[PDB]
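J.: got an experimental structure here, sequence first:
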Amino acid sequence: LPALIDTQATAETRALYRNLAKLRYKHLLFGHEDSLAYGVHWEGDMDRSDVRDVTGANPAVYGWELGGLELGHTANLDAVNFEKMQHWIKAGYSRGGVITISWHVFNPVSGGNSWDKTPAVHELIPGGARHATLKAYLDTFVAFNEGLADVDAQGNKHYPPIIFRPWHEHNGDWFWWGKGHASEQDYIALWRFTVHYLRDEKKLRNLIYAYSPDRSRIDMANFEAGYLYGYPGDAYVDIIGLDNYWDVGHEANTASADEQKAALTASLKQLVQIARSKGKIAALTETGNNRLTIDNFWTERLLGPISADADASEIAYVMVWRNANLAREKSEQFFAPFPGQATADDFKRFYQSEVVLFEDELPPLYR
Ligand SMILES: OC[C@@H]1[C@@H](O[C@@H]2O[C@H](CO)[C@@H](O)[C@H](O)[C@@H]2O)[C@H](O)[C@H](O)c2nccn21
Ligand code: NA
Ligand code: NA
């Protein structure tokens, strides 16, 4: 019964959304960022994943990241070559996996990265002096998306559906599009333009739009109000997402493990209730425990609290962040295990659970 904001979405895109809406009651798709590009201990192989090395299966959802595309770079901000990324997206889609894309856009005013807080949103939105820049930036994605297309024997063009998740964690103050650096109304104008430009002016038909505040900056006593800070309206959002590293053991969170588990369940319950009221689909669009230091992280801190409540359980997917390559990134950073890592057997159990789906047990999502 949920309907996409693109009334003309491709058959495959419509089918994905419909099939997520059906499977969410009894299942949870697992996702991983940059999962085919590299792992903690390897880079270069054209068909490998840390996740598959542990479980024998690829993630169901593949996350990818565009930062740097807008600057005409050959590779993204983490040195993922864009041509290889296009081939990895096509490969995952060909196996029936789901594609999601985020975009840590560089600061156009200073040339710094997304964490450079020099104000820019007011200049980028319609009427702003740098509005031409925003168009040029979005045009680089249009071009990237064309490199994902195939043409069938009858001459018809086909694309992978993409869950496009821009301008994330906007209730935080860490990105230049965040609270304190952009007004709420300017953020909304930025989001609305992004949709109007891609969906209406450029006529992309293979996008599903995901909204993703950060949990850590929402007051649990007033969840809906906090979640809806900067919300652009139901005509602009398909997935009611959430980035929640906080309730899964973030080092700065002084709450007890039991309080954290209760808060994870409550956050996802309320997320799902918002989605239900709006006729959308909810998802835990980012989470994880950096360096997987928590014993039985997967079953005790993620799956248990999700499965505890039948509302919380109605999220469609959960994605964890990237497994940065040690040989080149000097800071150890990873969110899925690799063989021999302490949580590997517990991640096998997470995989094995009837609820959780990896690529190998997905139904046909695109028909
Ligand atoms: O802090 C973890 C994660 C963030 O991770 C960063 O992601 C960028 C882009 O891939 C990368 O260059 C950095 O090295 C680092 O991995 C990311 O911003 C993500 O959206 C998020 N949200 C909360 C925590 N993270
Ligand atoms: Na679910
Ligand atoms: Na399973």
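T.: Received the coordinates, thanks. Numbering: from 1, shown residues only. Ligands and ions are numbered 1, 2, ... in the order given.

J.: could you count how many residues lie near the residue in the stretch 251-367 of the chain that ligand 3 sits nearest to?
T.: Nearest residue of the stretch 251-367 of the chain to ligand 3: residue 356, at 4.3 Å (C-beta to the ion). From N, CA and C alone the C-beta is placed, and that goes for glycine too. Residue 356: 23 surrounding residues under other C-beta atoms under 10 Å.

J.: is it in a bridge, and if so with what?
T.: residue 28 (DSSP bridges).

J.: gap between it and ligand 2?
T.: 9 Å (C-beta to the ion, to the nearest Å).

J.: ok, residue 337 next?
T.: According to C-beta to the ion, residue 337 stands 22 Å off from ligand 2.

J.: I'd say that residue and residue 347 touch.
T.: Yes - the pair formed by residue 337 and residue 347 meets the contact definition of C-beta atoms under 8 Å, at 5.0 Å.

J.: higher neighbour count, the two?
T.: residue 337 (26 against 23).

J.: mind listing what that one touches?
T.: With contact taken as C-beta atoms under 8 Å, 6 or more residues apart in numbering, residue 337 is in contact with 50, 54, 292, 343, 344, 347.

J.: and the chain, which residues reach ligand 1?
T.: 65, 77, 78, 104, 168, 169, 243, 245, 286, 321, 322, 333 (C-beta under 6 Å from any ligand atom).

J.: the last one is in what secondary structure piece?
T.: Per DSSP states H and E, residue 333 falls between elements, in no helix or strand.

J.: now the helices for the stretch 151-300 of the chain?
T.: Per DSSP state H, counting those that start in this stretch, the stretch 151-300 of the chain carries helices over the ranges 184-195, 223-227, 257-278.

J.: ok, and which of the residues of the chain next to ligand 1 reach ligand 3?
T.: Filtering the residues of the chain next to ligand 1 for proximity to ligand 3 by C-beta under 5 Å from the ion leaves nothing.

J.: which of these sit farthest apart?
T.: 77 and 245 (19.5 Å; C-beta to C-beta).

J.: thought residue 15 was touching residue 208?
T.: No - at 11.3 Å, residue 15 and residue 208 do not qualify as touching, with contact defined as C-beta under 8 Å.

J.: report how many residues lie close to residue 250.
T.: Residue 250: 17 neighbours (other C-beta under 10 Å).

J.: residues contacting it?
T.: residue 216.

J.: how about residue 39?
T.: 48, 49, 50, 53, 323, 325, 338.

J.: residue ranges for the strands of the stretch 201-350 of the chain, please.
T.: Taking DSSP state E, counting those that start in this stretch as the test, the strands found in the stretch 201-350 of the chain are 207-211, 239-240, 281-282, 284-287, 317-320.

J.: in JSON lines, list these along with distance to residue 149 and mean neighbour count.
T.: Listed next are the strands of the stretch 201-350 of the chain as JSON lines, based on distance: least, C-beta to C-beta, whole Å; neighbours: other C-beta atoms under 10 Å:
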{"stretch": "strand 207-211", "distance to residue 149": "14", "mean neighbour count": "24"}
{"stretch": "strand 239-240", "distance to residue 149": "23", "mean neighbour count": "26"}
{"stretch": "strand 281-282", "distance to residue 149": "25", "mean neighbour count": "26"}
{"stretch": "strand 284-287", "distance to residue 149": "25", "mean neighbour count": "26"}
{"stretch": "strand 317-320", "distance to residue 149": "25", "mean neighbour count": "27"}
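
J.: out of the ones you listed, flag the one nearest residue 11.
T.: Closest among these, once you apply C-beta to C-beta, is strand 207-211, at 13.6 Å.

J.: flag every residue of this protein that's near ligand 2.
T.: Near ligand 2, when you scan the chain using C-beta under 5 Å from the ion, you find 24, 28.

J.: middle-most residue in the chain, spatially?
T.: Residue closest to the average C-alpha location in the chain (C-alpha atoms, centre = their mean): residue 285, at 4.6 Å.

J.: any idea how far it is from residue 63?
T.: Distance of residue 285 to residue 63, computed by C-beta to C-beta, to the nearest Å: 9 Å.

J.: what's residue 43 in contact with, if anything?
T.: 37, 325, 327, 328.

J.: what sits against the nearest residue to the second one once chain neighbours are set aside?
T.: If I follow you right, that is residue 325. Once flanking residues are discounted, residue 325 sits nearest to residue 38: 4.4 Å by C-beta to C-beta, 6 or more residues apart in numbering. Contact partners of residue 38, counting by C-beta under 8 Å, 6+ apart, are 80, 323, 324, 325.

J.: which members of these are the farthest-apart pair?
T.: 80 and 323 (12.4 Å).

J.: overlap in contacts of those two?
T.: 34, 38.

J.: okay if I get the helices of the stretch 151-300 of the chain as a markdown table plus mean neighbour count?
T.: Conversion of those to a markdown table gives the following (neighbours: other C-beta atoms under 10 Å):
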| stretch | mean neighbour count |
| --- | --- |
| helix 184-195 | 19 |
| helix 223-227 | 16 |
| helix 257-278 | 19 |
